[PDB]
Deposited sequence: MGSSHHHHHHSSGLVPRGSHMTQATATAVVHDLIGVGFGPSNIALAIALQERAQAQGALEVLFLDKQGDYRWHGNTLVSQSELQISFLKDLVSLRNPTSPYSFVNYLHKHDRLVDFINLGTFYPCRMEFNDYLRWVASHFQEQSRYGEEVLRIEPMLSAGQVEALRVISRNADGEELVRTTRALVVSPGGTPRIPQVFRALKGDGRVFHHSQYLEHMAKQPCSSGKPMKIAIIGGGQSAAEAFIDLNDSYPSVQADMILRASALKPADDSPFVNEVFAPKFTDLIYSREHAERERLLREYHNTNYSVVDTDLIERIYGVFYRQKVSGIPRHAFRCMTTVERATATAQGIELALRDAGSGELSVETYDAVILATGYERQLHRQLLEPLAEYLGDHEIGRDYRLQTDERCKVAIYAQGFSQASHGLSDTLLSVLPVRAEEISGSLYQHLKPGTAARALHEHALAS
């Protein structure tokens, strides 16, 4: 038994897809599909779901609405089905506590229980060759019990999210419970402290406020290479870059202009914090000046040069620019809120390397391939270079999903 499509992850990108495929199914027939996710109980970045994490995107830019507001899967319908719509309204906000967005996604997901396989991590994809042409694809995933699984599919779409970014100096410490990436924040905090946070982004700010608010025992240092925290920029003219119309424009630009646009707009999303959050962090420090009790430290300008483990704690050599001084501090724990990297060919797609072309991902999000390769491989979130800032986000999923299902059906038929 061969599957028309299989996807890697049933995160948002892939769910949005599932819905589109379902919408097309009535007109064009229903493909047999599966989406595997490595989470037994799926939470959307669960380890990051702290008390006051606000969706950084308008709820209207949910899974279906930009394409089809009349879908049963809109955030609003979800709210209605949970008898919460009126109440949400009295809220007057556009940005739901991310815990809520999570429920929505889980709820939407429950509607595809047949297509979703959870608890299965995909390890690699192998070509199945008949006559030197890749007719089908082999997907190898390992479940929670440790049992590997092999399935065969006509088409593949990979939407696994990103992998955490570890600065070099910390790579030495892989495996020390004492140091952990933000992404894994809830698991590790469940095990009087000094903790350090590395990075000046949202993930960094969110860790800090959470520690301050939830852990009185804790004193936190935010170590920033950058001078300050810069505000995420969401103004309307600017926000127009997360538009569906923009994907077209950016795609058609020469490589030089694309990067320019990406540089000019980096601040929409990366290394920036929400305006309200900065104040609140700013307020916290201000209060220290008042109280005179210096619990926390804002080490802007600081670069970690040496990090080493110890019986005592973790030793960091911090270079503070503008002082030029190098000083040593030791922390009970360190938190890396250094972000994510989405690099497309991991060990996961290696087996196909031979068939993947030089030219960039397709406008339709299909990787270009050899004439040898007859299957179709698609990716979501790995085309930021060519598809814009919207790519790694929730911004165009509704649209992107239509395009992809459109190709997939066209490929299949």
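According to the record, which stretches of the deposited sequence lack C-alpha coordinates?
Missing from the model are residues 1-28, 220-226, 449-463.
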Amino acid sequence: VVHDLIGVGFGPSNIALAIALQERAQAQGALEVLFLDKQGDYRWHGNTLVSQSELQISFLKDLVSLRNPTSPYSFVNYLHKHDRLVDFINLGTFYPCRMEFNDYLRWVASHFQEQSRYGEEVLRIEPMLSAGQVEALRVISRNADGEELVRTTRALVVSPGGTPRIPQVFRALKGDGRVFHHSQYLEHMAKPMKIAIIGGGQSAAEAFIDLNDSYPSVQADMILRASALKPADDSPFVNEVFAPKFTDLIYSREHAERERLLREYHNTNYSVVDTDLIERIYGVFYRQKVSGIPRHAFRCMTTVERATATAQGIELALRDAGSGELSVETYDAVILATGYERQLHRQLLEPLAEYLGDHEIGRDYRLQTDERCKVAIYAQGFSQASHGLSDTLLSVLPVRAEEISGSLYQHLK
From here on, numbers count along this sequence of modelled residues.
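Averaged over C-alpha atoms, is the B-factor higher for 181-189 or for 106-114 in this PDB entry?
The recorded data point to 181-189.
Taking only the CA atoms, which stretch has the higher mean B-factor in the record, 94-102 or 163-171?
Per the PDB entry, the higher value belongs to 163-171.
In terms of CA temperature factor as recorded, identify the highest of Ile281, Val157, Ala311, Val86.
That would be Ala311.
Sorting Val328, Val76, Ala207, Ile198 by Cα temperature factor from the record, which one lands on top?
Each of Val328, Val76, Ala207, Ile198 was compared by C-alpha B-factor; the highest is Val328.
Using only modelled residues of the chain, where does the Cα B factor of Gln219 rank: lowest third, middle third or highest third?
Within its chain, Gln219 is a middle-third residue by C-alpha B-factor, going by the deposited values.
Should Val375 be placed in the lowest, middle or highest third of its chain by the C-alpha B factor in the entry?
Within its chain, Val375 is a middle-third residue by C-alpha B-factor, going by the deposited values.
Looking at the temperature factor on the CA atom of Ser71, which third of the chain's modelled residues does it land in?
Its C-alpha B-factor belongs to the lowest third of this chain's values.
Lowest, middle or highest third - CA B-factor, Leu412
Ranked within chain, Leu412 CA B lands in the highest tercile.
Quick check on the deposited entry: does the C-alpha B-factor of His82 sit in the lowest, middle or highest third of its chain?
For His82, whose C-alpha B-factor we compare with every modelled residue in the chain, the answer is the lowest third.
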